[PDB]
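K.L.:
only geometry, no sequence info:
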């Protein structure tokens, strides 16, 4: 899917979308490092000490969700898969709602994706976090409130953007979906629906090389 197709798809859902250059993001783009956790698009600050990893909704839950994987065994398999592909796998909570502090997972476990054709997870938030931890993953915990003002959809392979708790943004590394063989259009639409259902801003900037 091309940057223009992504913008068109988002505009079809009532979003404002614009394509921007990698040069316009100078000073913010960073190379992905193997030590970084593949983590959520959440714009808040957190206890993360493993920066420089890719961003996907709910961390590795985006992969399970896109593939319709709902079992604890399947979640552990994905944890090890991510660890085998150059990133430390993670899921997260926050210090306001504990493991229900991940908006994406809360939407999934409460059935908000039902009519988009997604099956529900066969575990709750605490069980999922414990399984990821048991399989070698990291549990991140955010703090503060959501104040995201924009959604960046980064298409530059092996690069990412980092959270700024003081001028927040949702960050989606679209290129990472391709890396994991996901149904990409489905992944991006799920990301869009997530932001919509969380009341976030339907305003996207698509970063291209």
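P.N.:
All right, it came through fine. Residues are numbered from 1 along each chain as shown.

K.L.:
OK, contacts around the residue lying closest to residue 71 once chain neighbours are set aside?
P.N.:
Closest residue in space to residue 71, ignoring its immediate chain neighbours: residue 122 at 5.4 Å, by C-beta to C-beta, 6 or more residues apart in numbering. Backbone N, C-alpha and C define where each C-beta goes, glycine included. For residue 122, the contacting residues are 70, 71, 72, by C-beta atoms under 8 Å, 6 or more residues apart in numbering.

K.L.:
what's the burial count for the closest residue to the last one other than its chain neighbours?
P.N.:
With C-beta to C-beta, 6+ apart as the criterion, residue 72 has its nearest non-adjacent residue at 4.7 Å, and that residue is residue 131. For residue 131, the number of neighbouring residues by other C-beta atoms under 10 Å comes to 20.

K.L.:
do residue 4 as well
P.N.:
Each residue near residue 4 was counted by other C-beta under 10 Å, and the total is 12.

K.L.:
Output the contacting helices and strands for the helix or strand hosting it.
P.N.:
Residue 4 is located in helix 3-12, with elements delineated by DSSP states H and E. Judged by 3 or more C-beta pairs under 8 Å, 6 or more residues apart in numbering; DSSP states H and E, helix 3-12 is in contact with strand 16-21, helix 184-197, strand 203-208.

K.L.:
let's see it at 6 Å
P.N.:
strand 16-21, strand 203-208 (3 or more C-beta pairs under 6 Å, 6 or more residues apart in numbering; DSSP states H and E).

K.L.:
would you list these in TSV and tack on mean neighbour count and distance to residue 101?
P.N.:
What follows is the helices and strands packed on helix 3-12, written out as TSV (neighbours: other C-beta atoms under 10 Å; distance: least, C-beta to C-beta, whole Å):
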stretch	mean neighbour count	distance to residue 101
strand 16-21	14	28
strand 203-208	20	24
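
K.L.:
start to end distance for stretch 26-45?
P.N.:
For stretch 26-45, the separation between the terminal residues is 21 Å (C-alpha to C-alpha, to the nearest Å).

K.L.:
any chance you could map the strands in the chain?
P.N.:
16-21, 30-31, 37-38, 88-94, 138-142, 151-154, 159-160, 170-173, 203-208 (DSSP state E).

K.L.:
In TSV, list the ones you listed along with distance to residue 192.
P.N.:
Formatted as TSV, the strands of the chain follow (distance: least, C-beta to C-beta, whole Å):
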stretch	distance to residue 192
strand 16-21	10
strand 30-31	24
strand 37-38	20
strand 88-94	21
strand 138-142	21
strand 151-154	8
strand 159-160	19
strand 170-173	9
strand 203-208	8
